[PDB]
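Let me begin by handing over the structure; questions about it come next.
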Amino acid sequence: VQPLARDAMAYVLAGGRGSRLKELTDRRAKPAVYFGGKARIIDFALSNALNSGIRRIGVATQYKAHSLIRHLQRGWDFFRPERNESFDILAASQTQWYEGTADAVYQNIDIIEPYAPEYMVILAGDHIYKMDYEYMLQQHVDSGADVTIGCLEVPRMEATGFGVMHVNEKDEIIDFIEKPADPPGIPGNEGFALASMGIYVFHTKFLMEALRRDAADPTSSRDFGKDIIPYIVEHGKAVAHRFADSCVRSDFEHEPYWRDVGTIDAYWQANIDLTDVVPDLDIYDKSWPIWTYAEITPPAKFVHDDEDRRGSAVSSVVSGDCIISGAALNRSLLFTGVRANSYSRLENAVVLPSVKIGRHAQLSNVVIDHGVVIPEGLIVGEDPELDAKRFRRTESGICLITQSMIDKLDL
Amino acid sequence: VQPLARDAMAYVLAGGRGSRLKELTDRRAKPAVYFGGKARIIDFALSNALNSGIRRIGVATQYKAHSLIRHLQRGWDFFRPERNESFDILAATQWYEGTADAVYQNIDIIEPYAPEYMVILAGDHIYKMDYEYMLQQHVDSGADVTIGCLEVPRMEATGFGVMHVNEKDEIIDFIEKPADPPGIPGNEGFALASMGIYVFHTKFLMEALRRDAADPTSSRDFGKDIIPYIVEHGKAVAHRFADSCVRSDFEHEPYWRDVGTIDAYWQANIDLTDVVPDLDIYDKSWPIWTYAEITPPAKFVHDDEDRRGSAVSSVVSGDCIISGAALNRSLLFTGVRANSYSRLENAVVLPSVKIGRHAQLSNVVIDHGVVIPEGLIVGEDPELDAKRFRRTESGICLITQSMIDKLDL
Amino acid sequence: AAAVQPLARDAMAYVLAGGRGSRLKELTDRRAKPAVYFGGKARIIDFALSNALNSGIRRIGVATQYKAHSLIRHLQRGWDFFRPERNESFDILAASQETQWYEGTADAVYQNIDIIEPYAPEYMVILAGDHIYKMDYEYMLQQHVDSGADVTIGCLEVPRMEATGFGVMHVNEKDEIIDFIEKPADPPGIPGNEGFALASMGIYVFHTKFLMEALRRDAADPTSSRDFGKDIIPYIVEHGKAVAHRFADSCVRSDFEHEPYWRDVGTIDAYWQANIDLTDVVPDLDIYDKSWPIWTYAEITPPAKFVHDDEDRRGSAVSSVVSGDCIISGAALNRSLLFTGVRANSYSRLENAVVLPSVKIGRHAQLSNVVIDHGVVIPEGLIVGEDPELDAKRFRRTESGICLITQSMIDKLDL
Amino acid sequence: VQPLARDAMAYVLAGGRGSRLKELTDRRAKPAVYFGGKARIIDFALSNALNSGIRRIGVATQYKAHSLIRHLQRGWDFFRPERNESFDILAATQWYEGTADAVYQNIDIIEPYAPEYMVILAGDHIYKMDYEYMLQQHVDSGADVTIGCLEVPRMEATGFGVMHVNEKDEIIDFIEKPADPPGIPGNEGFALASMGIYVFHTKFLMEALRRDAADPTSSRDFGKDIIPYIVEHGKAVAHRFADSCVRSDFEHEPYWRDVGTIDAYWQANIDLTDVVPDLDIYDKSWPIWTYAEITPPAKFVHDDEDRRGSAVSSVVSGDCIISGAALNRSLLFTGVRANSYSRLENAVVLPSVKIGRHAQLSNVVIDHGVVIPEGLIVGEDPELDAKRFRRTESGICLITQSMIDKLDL
């Protein structure tokens, strides 16, 4: 009768570095990366935990986690222990670092056991999705599984880049293959394979034993995906949970939404798609809200309207404390505090907070880093060979622009 | 050596009805009226107190305070008594008989705090002011009351309560709306208009307060009764707004607005859409706190040969979706939905308003939550607009849902 | 859902906190009964509110009326952590929805339909805010939707003799209420075992749609006293489907609670009794149960302090419960419950004393079997509990021999 | 008119080892050490900054700071940047090389705030002080630094960093722990001992840090390198603690404790059990903020000839259950449980400690979380108590769970 989330603790793995995001994660961890206009990536997993009724959350951080920890301190500060709530920030140590994803839990057993939760919900903190974990908790205790694993249903070509669960008639996992050339199809549903989301449900006592076992192991790489889960799919019982079964779909979302934003192109695409008339992600959904750190800001402002300059945004998303002064914006996403100045133009641009666009500058197909000041008259998106020399340019043509790249510029 | 603000308590009078705002205040008090895009009028006096260092604030409410009180509970909820902070919401034993009575019935709330000074404030004006200047002038002068006063040219002061002042800024008389306002000595052509801001010693204020409660013939007002008495038999001095006004570098003069009429209200909000506004709402040095929620960003959608969602010379808040609507010189509060083929011009649009397709509205103030009917035209036909809505002599229409429900289209 | 999502996600608890608490006398002269202190730190209303919170209900509305300044200020300060953008809400609904009052209990929801409906909750959990108890409302929500009832009613299973002071539900064997009698002299008994009747706790669960219509019908009736208990519920036991939910099925009992705990604290004797019992070795109510915690308004205070110890005076508490910011200086406490900020001075003695916050006990004072009102300053040497006739004429004394002491009483004293 | 605190930023040095506190600081920094019953040591410097009107606070942490950082996250969480206030936890070439480097490495977070004044604080002492006095003295004297100094008898100053002064409190020389300290002119027999409290102009300090970091010969330390440097070239002036100490009307002298030893730590806490304590913790005029949870009250149960649960000449916090336990001259923090027939005397008992039945503990400091085994005896046998636990030369025993875990005889 009692919802299982009451006795569950969410453990969010947020030590990911996000290498292929390049300079975008040079001084911040991937979960701390901005998304959607006002939030960070980590906020989705945490909001999923909150909205699912999970009252205890732990966040494990590792490398370049200053801005992530500061975000968590100021954004996720409303939990009170005397109301049986808890939000623990568990930075590395805890010697220096976590030797792995599983080690990130093992090192903090004495944080977990005082709470004595019945269930452990292990979550990847670097994905953008909405999901009700209550469904996954029910399945785990119903099935009697040692571990329940959240899985995406993806076409078999696409599953080649994922960790794939080999499933039987009863969605029981018989084998795990990382990056299969030919991914095992679902029994009776070939053409689709199950891709692991990096979401794991355990009974706490089982998980504590499995990580103590893993720690005393000289060969282990101390990871769930590589050491913990492969051991269980063999000796124990591992079952699969479908994302479609628990995904919280807005009535304005055509399919279960899940983004890894693992590359610059992917990050740019996921953000720009929010400027659609009908976007895949419905950020205006009130049923399953995403909490984050936000300050009271002034409203967006658009000025100038003459023969040579007009401050205006079309097909765009614009946040607070933005002043669009004689600047033309099209198909762009502007985070809080952007200053765009006269005669400048933005097209296909994802613009992170507190960026300044100088007069006469024209930028197309770009991701601009937090706080960057774009010099007056700079042009991006016109000369591919020039843009590649100056900035990080994808083969799709998206340029990532940071202040360090701008500093090296006089030509 | 220690700031006097440590020993001050701000008492904000927020029972003001704002009758001339008409339907705008039929279901709310004037301090609860939205302004600027995100705040309410009451937030300016309260933020002035906060930024001046005053840790104790009382707010007297009266007329339709349900929305005002709720705003205060949720927006101004960060004061903690054990840190010597307090925020008391004092709702009206029944009716307060006046602004003095509002302070009289709550003496047992003030005395436990035992503040040295009381800063009495009008909660229905828009301005920024450092009250530390008033407090020190009040203490250094030895005055029974120090009164905040605007320096306005002798002609605009005919609509104010004017303080007649001598060479030492001592108030020698007070005249309500004089036909020929008394001038400043050595600076005729300028008169001192009362701001509704009064600074007392708490001991003195409590006596004058109780004395007024002892007068059966008193109208129980600071303006009608308390202040004129002190002007006569005591010592009243004036404090210049220009001295303590907190001006931004991007503000060309001391900013103070009464927004007493629908025209004045409309004007003050639309002027924020200027390239260089009189009020700098982007000044981080003297911030205005209010009740704000986490909202989605503003969204502009549609860009074809027939419809384009875009704002021009405008101010747009969060949770706003401008879908195929053309906005010009407009101020949009939070949560507005403007739909395809609609157009807004010179429009003050309060929160949660929905604009139906093909609607064209010009020179309007749209009340909170109003759903504009598809195809509705305002600003095109003065006789017809005045028939349907509340239309000022200068052509600004106030639009409420009750007026819309009278329609048939 | 899928028999998956908990029903509390789509529920709104509506707490009726307008109760005068008349029999409590001077204790409720300038405060409503739900604002009456209890336990040493909290107020009565904090239990129904914490029950709602711990049960997973995130939308809360509180209807006030009778001198609710202190009550509203308590909710303002203590229950301020709900955020609307997280789909949580806390609404303080003071009487004005017009002019006068709410005409009763049902009107309290009728006047605020405009606040309820924008939330559009699927279920309404109507709560009485003047009781002390711990309960998981999810159970009652599950039963309500599984039974198909028009209203589910929380009921205590009490001895039939004791039920004569309760609104009594008559049921069949499947706990379907067939009649409701207010204070029956000879209450009807449960099928299967007579001697116990089902006592309505004043806790009702509705489908919001059914409730909204059932209340505008009540407002459309001039014969109606506009009450849930007297008008709404008795009308439903006839025309529709009323089912009983038993407290023992959903009560949250600690490992150190031998029975389901529920107190009305309607009289001075029972209010004194309920508080003093907390000084027991094994209290009926476990206030140290972290599994179902009671949130309240609390400030950071200094610890409790006890001083001197000699010939004649020793500041010490025995068989007592002492809150923060208390200074027990040369004061002997015994079987007493002290709220925050109490100052008991030398040569004073307290026994069987419920001492509300900020009370000062002057030197040499000796008080026994008393309830001391908030902030009351007890004069030095004042003896209470020695002479019944003198105590009776001087204070509010019960037939059991308990004196309620207010500052009003103290100041108009002779010798 | 404007108080100087509005433009000041407190910078708290909280990397203090507290190494002589031994096992008390094995897994926590000294500022994170509990004091007074509900607070930690660093809460005093932070409350001082708060009550002085300083809205920007930076805390520099170094070693074993997980417990410290967590305390600051949860306790000092009410600062909102948009209200022009901030609370920065500055953790972090590699670590901080010194107290002066702790500021140089965080210039990137200081410069955006652009404060006009910096108030460098030691976060490992226990004192109440109004920093506004010190701020004012700084700008009036035109000093390059102003330093908080205790006026102590010369023999007591032998363990301090000591300042010379001339006849106008201008600092002439600084000596690190002098056996024969220089005396103040006019009132000899007393010297000026450093509080580790510095006040700079922010732009003077930033160039001081950049200069220091550019000196290879530097130990990167404030009092070792920065301060005595400007003592010679620049202008260093001493500020008397007694001038700005916030003394309660129940404090017979300025209160300041370093609690560096187990002896000094035990003494300071147990002094709070006095009938007339040197430190007035009940002073609501200058309150100390900290992390605190809603707890149940303190409970005293059982009343026999064999056992009686009660506290005498003691201080007891919330969530404490004194069951058949006899307490005398003891200070209990939150959550302490003491079981039947046990006896505490002269005991400082940290949070969530459990005293098992029949235990007898005298002259002790029990670490946080420690479970004392049933029947344990401390206070009867010096040579045994020294063998089992950490025993001071005065006879105080520090008891950790370690010593209890290895406890056999």
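The residues of chain B that appear here are 6-97, 104-420 by Swiss-Prot count, in order.
Quick check of the header: X-ray crystallography, 1.8 Å.
Each Cβ is built from the backbone N, Cα and C atoms, and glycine gets one as well.
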Among B:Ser91, B:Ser205, which residue shares the alpha-D-glucose 1-phosphate site with B:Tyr107, B:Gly172, B:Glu187, B:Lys188 according to Swiss-Prot?
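Checking B:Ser91, B:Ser205 against Swiss-Prot: the alpha-D-glucose 1-phosphate site match is B:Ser205.
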Could you give the Cα distance in Å between B:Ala97 and B:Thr104, the residues bounding a stretch of 6 unmodelled residues?
7
In Å, how long is the longest CA to CA span across B:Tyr107, B:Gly172, B:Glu187, B:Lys188, B:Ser205, which the record gives as the alpha-D-glucose 1-phosphate binders?
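If we measure all Cα pairs in B:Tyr107, B:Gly172, B:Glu187, B:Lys188, B:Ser205, the largest is 25 Å.
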Which residues, sitting 6 or more apart from B:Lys188 (alpha-D-glucose 1-phosphate binding site) on the same chain, put a CB under 8 Å from its CB?
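Non-local contacts for B:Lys188 (alpha-D-glucose 1-phosphate binding site): B:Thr169, B:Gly170, B:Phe171, B:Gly172, B:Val173.
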Give me the count of other Cβ atoms within 10 A of the Cβ belonging to B:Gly172 (alpha-D-glucose 1-phosphate binding site).
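The answer is 21 other Cβ atoms.
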With every protein chain in view, what's the tally of Cβ atoms within 10 Å of the Cβ of B:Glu187 (alpha-D-glucose 1-phosphate binding site), excluding that atom itself?
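The answer is 11.
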Let me check the 10 A CB neighbour count of B:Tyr107 (alpha-D-glucose 1-phosphate binding site). How many other CB atoms are there?
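Here the count is 23.
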